[PDB]
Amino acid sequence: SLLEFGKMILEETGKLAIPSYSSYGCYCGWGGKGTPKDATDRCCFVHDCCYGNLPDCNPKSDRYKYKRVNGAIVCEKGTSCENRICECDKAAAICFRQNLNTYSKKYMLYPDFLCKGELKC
């Protein structure tokens, strides 16, 4: 679910999903179009594609379970949709951590009109 993803993001990065990643660039918190602005935005682009791989799943509301082994995220077994959702979120959270070094506040509340064009998954 979105709230669980938000908790995962905070755990991983120390940033609040809202407002750090809810309106960032072209794809974070509300993707759609344009060339991703930076590596963080690309995390959200891939995350969006990842959810797009699951048309018959409901990633916003469906809850999954995960644990930490060391600091590593381990998705626990639930339904097929839950497992696949968890893997998408895990990847994104790790991606955000990997790219904290280039996270830029200037991409927060990024205006829609600067995001144009379709980019294929």
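Sequential numbering from 1, following the sequence displayed. Take the two forms, superpose them, and find the largest set of C-alpha atoms that agree within 1.5 Å; that set is the rigid core.
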- Message: Between 86-94 and 57-65, which has its CA atoms farther from the current form in 8 other deposited structures of this protein, using a rigid core superposition?
- Response: 57-65
- Task: Going by root mean square C-alpha distance after a core fit, say whether 109-117 or 20-28 is farther from the shown form in 8 other deposited structures of this protein.
- Result: 109-117
- Query: If you average the Cα B factors in the entry, which is higher, 68-76 or 37-45?
  - Reply: 68-76
- Comparing 1-9 with 111-119, the higher average Cα temperature factor in the PDB entry belongs to 111-119
- According to the PDB entry, is the CA B factor of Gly14 in the bottom, middle or top third of its chain, that is, lowest, middle or highest? middle
